[PDB]
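Asker: Just passing along the structure, written as C-alpha cells.
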Amino acid sequence: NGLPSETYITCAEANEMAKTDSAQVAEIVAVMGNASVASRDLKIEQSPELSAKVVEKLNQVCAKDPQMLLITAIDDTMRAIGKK
C-alpha cells in the first residue's frame with residue numbers, strides 16, 4: 001500500500017529529475033548502487049566512473065523498457081556489470 005518513491009519511479013524519469021536535481025539522482029543511484037554491487041561482488045569500490053555510467057546506461061534501458069522501476073533497474077544493472 002505504501003510504495004516507496006524509488007520503487008514507484010522509473011529510472012527514465014529519474015533521468016528527467018536529474019535535469020532539475022542531478023546530484024539528487026546521482027546520490028540515489030550511488031547509495032543503493034554501490035551497496036548493491038558490493039553485495040554480490042564485495043570487491044567493487046566507490047568508483048565515481050561506475051556510478052556515472054550505471055545511470056547513463058540505466059536510463060537507456062528504461063527508455064526501451066518503461067517497466068524498469070528504479071529500485072529494480074539498478075539491481076538489474078548490478079547484475080549485468082556485477083561480473084567483470
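Going by the C-alpha cells order, chains are called A, B, ..., each with residues numbered from 1, while ligands are numbered from 1 in the order shown.
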Fewer than 4 positions away in the same chain doesn't count, so skip those; otherwise give me all residues within 10 Å of segment 33-36 of chain A, counting only C-alpha atoms, as a PyMOL selection string.

Answerer: chain A and resi 26-29+40-42+44-48+50-51+54-55+71+74-79+82

Asker: For residue 7 of chain A, please output as a PyMOL selection string all residues within 7 Å (counting only C-alpha atoms; exclusion window: fewer than 4 positions along the same chain).

Answerer: chain A and resi 3+69-71

Asker: Keeping only C-alpha atoms, take the residues you just selected and write them out as a JSON list (two decimals), in the first residue's frame.

Answerer:
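again11.json, freshly written:
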[["chain", "number", "residue", "atom", "x", "y", "z"],
["A", 3, "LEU", "CA", 5.07, 2.06, -2.30],
["A", 69, "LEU", "CA", 11.37, 0.57, -11.93],
["A", 70, "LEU", "CA", 14.36, 2.44, -10.48],
["A", 71, "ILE", "CA", 14.65, 0.14, -7.46]]

Asker: Could you pull the residues within 12 Å of residue 9 of chain A, counting only C-alpha atoms, minus those fewer than 4 positions along the same chain, as a PDB file with N, CA, C and O atoms, in the first residue's frame?

Answerer:
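As written to disk, result-v7.pdb reads:
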ATOM      1  N   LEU A   3       3.993   2.309  -1.361  1.00  0.00           N
ATOM      2  CA  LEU A   3       5.069   2.061  -2.296  1.00  0.00           C
ATOM      3  C   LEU A   3       6.126   3.152  -2.207  1.00  0.00           C
ATOM      4  O   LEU A   3       5.823   4.333  -2.397  1.00  0.00           O
ATOM      5  N   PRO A   4       7.376   2.775  -1.891  1.00  0.00           N
ATOM      6  CA  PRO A   4       8.493   3.719  -1.812  1.00  0.00           C
ATOM      7  C   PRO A   4       8.702   4.457  -3.134  1.00  0.00           C
ATOM      8  O   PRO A   4       8.406   3.924  -4.210  1.00  0.00           O
ATOM      9  N   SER A   5       9.217   5.670  -3.046  1.00  0.00           N
ATOM     10  CA  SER A   5       9.441   6.513  -4.211  1.00  0.00           C
ATOM     11  C   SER A   5      10.301   5.802  -5.260  1.00  0.00           C
ATOM     12  O   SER A   5       9.924   5.705  -6.420  1.00  0.00           O
ATOM     13  N   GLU A  13      12.560   8.320 -15.650  1.00  0.00           N
ATOM     14  CA  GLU A  13      12.021   9.508 -15.016  1.00  0.00           C
ATOM     15  C   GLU A  13      13.046  10.083 -14.045  1.00  0.00           C
ATOM     16  O   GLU A  13      13.079  11.287 -13.795  1.00  0.00           O
ATOM     17  N   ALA A  14      13.894   9.210 -13.506  1.00  0.00           N
ATOM     18  CA  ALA A  14      14.939   9.637 -12.601  1.00  0.00           C
ATOM     19  C   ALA A  14      15.941  10.496 -13.357  1.00  0.00           C
ATOM     20  O   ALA A  14      16.515  11.435 -12.815  1.00  0.00           O
ATOM     21  N   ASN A  15      16.101  10.184 -14.633  1.00  0.00           N
ATOM     22  CA  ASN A  15      16.994  10.931 -15.503  1.00  0.00           C
ATOM     23  C   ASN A  15      16.389  12.300 -15.755  1.00  0.00           C
ATOM     24  O   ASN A  15      17.083  13.310 -15.789  1.00  0.00           O
ATOM     25  N   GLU A  16      15.082  12.306 -15.960  1.00  0.00           N
ATOM     26  CA  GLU A  16      14.324  13.536 -16.117  1.00  0.00           C
ATOM     27  C   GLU A  16      14.514  14.454 -14.900  1.00  0.00           C
ATOM     28  O   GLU A  16      14.720  15.662 -15.049  1.00  0.00           O
ATOM     29  N   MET A  17      14.450  13.878 -13.701  1.00  0.00           N
ATOM     30  CA  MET A  17      14.643  14.654 -12.472  1.00  0.00           C
ATOM     31  C   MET A  17      16.035  15.274 -12.444  1.00  0.00           C
ATOM     32  O   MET A  17      16.197  16.406 -12.025  1.00  0.00           O
ATOM     33  N   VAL A  25      19.742  12.597  -8.005  1.00  0.00           N
ATOM     34  CA  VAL A  25      19.612  11.335  -8.711  1.00  0.00           C
ATOM     35  C   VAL A  25      20.919  10.568  -8.667  1.00  0.00           C
ATOM     36  O   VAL A  25      20.931   9.342  -8.538  1.00  0.00           O
ATOM     37  N   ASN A  59      19.240   4.590 -17.736  1.00  0.00           N
ATOM     38  CA  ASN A  59      18.115   5.359 -18.315  1.00  0.00           C
ATOM     39  C   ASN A  59      17.844   4.963 -19.757  1.00  0.00           C
ATOM     40  O   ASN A  59      16.724   5.093 -20.247  1.00  0.00           O
ATOM     41  N   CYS A  62      15.695   1.888 -19.535  1.00  0.00           N
ATOM     42  CA  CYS A  62      14.316   2.283 -19.226  1.00  0.00           C
ATOM     43  C   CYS A  62      13.653   2.944 -20.429  1.00  0.00           C
ATOM     44  O   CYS A  62      12.442   2.841 -20.614  1.00  0.00           O
ATOM     45  N   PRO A  66       9.887   0.855 -20.187  1.00  0.00           N
ATOM     46  CA  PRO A  66       9.323   1.740 -19.153  1.00  0.00           C
ATOM     47  C   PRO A  66       8.974   1.000 -17.858  1.00  0.00           C
ATOM     48  O   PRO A  66       8.768   1.618 -16.817  1.00  0.00           O
ATOM     49  N   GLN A  67       8.883  -0.321 -17.933  1.00  0.00           N
ATOM     50  CA  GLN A  67       8.561  -1.145 -16.763  1.00  0.00           C
ATOM     51  C   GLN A  67       9.765  -1.329 -15.834  1.00  0.00           C
ATOM     52  O   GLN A  67       9.664  -1.989 -14.797  1.00  0.00           O
ATOM     53  N   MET A  68      10.894  -0.756 -16.205  1.00  0.00           N
ATOM     54  CA  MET A  68      12.106  -0.873 -15.397  1.00  0.00           C
ATOM     55  C   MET A  68      12.105   0.122 -14.231  1.00  0.00           C
ATOM     56  O   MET A  68      12.688   1.206 -14.321  1.00  0.00           O
ATOM     57  N   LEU A  69      11.419  -0.248 -13.151  1.00  0.00           N
ATOM     58  CA  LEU A  69      11.366   0.570 -11.933  1.00  0.00           C
ATOM     59  C   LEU A  69      12.780   0.822 -11.427  1.00  0.00           C
ATOM     60  O   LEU A  69      13.616  -0.067 -11.476  1.00  0.00           O
ATOM     61  N   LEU A  70      13.031   2.027 -10.933  1.00  0.00           N
ATOM     62  CA  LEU A  70      14.365   2.439 -10.479  1.00  0.00           C
ATOM     63  C   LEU A  70      14.973   1.435  -9.498  1.00  0.00           C
ATOM     64  O   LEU A  70      16.120   1.008  -9.665  1.00  0.00           O
ATOM     65  N   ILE A  71      14.195   1.059  -8.493  1.00  0.00           N
ATOM     66  CA  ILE A  71      14.648   0.138  -7.459  1.00  0.00           C
ATOM     67  C   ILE A  71      15.155  -1.196  -8.059  1.00  0.00           C
ATOM     68  O   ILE A  71      16.187  -1.729  -7.635  1.00  0.00           O
ATOM     69  N   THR A  72      14.434  -1.713  -9.045  1.00  0.00           N
ATOM     70  CA  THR A  72      14.792  -2.962  -9.694  1.00  0.00           C
ATOM     71  C   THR A  72      15.858  -2.749 -10.775  1.00  0.00           C
ATOM     72  O   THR A  72      16.796  -3.529 -10.895  1.00  0.00           O
ATOM     73  N   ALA A  73      15.702  -1.684 -11.547  1.00  0.00           N
ATOM     74  CA  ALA A  73      16.609  -1.368 -12.648  1.00  0.00           C
ATOM     75  C   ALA A  73      18.071  -1.282 -12.195  1.00  0.00           C
ATOM     76  O   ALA A  73      18.973  -1.761 -12.889  1.00  0.00           O
ATOM     77  N   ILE A  74      18.306  -0.675 -11.037  1.00  0.00           N
ATOM     78  CA  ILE A  74      19.659  -0.571 -10.503  1.00  0.00           C
ATOM     79  C   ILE A  74      20.207  -1.960 -10.157  1.00  0.00           C
ATOM     80  O   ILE A  74      21.350  -2.285 -10.483  1.00  0.00           O
TER      81      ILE A  74
END

Asker: Can you tell me how far atom CA of residue 22 of chain A sits from atom CA of residue 39 of chain A, in Å to one decimal?

Answerer: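 Here the two named atoms are 25.3 Å from each other.
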
Asker: With DSSP run on the backbone, what are the alpha helix (DSSP H) residues within chain A? I'd like them as JSON, numbers by chain.

Answerer: {"A": [5, 6, 7, 8, 11, 12, 13, 14, 15, 16, 17, 18, 19, 20, 21, 22, 23, 24, 25, 26, 27, 28, 29, 30, 31, 32, 33, 34, 35, 36, 37, 38, 39, 40, 48, 49, 50, 51, 52, 53, 54, 55, 56, 57, 58, 59, 60, 61, 62, 63, 64, 70, 71, 72, 73, 74, 75, 76, 77, 78, 79, 80]}

Asker: Using only C-alpha atoms, which of A:1, A:81, A:6, A:61 sits nearest residue 31 of chain A?

Answerer: A:6
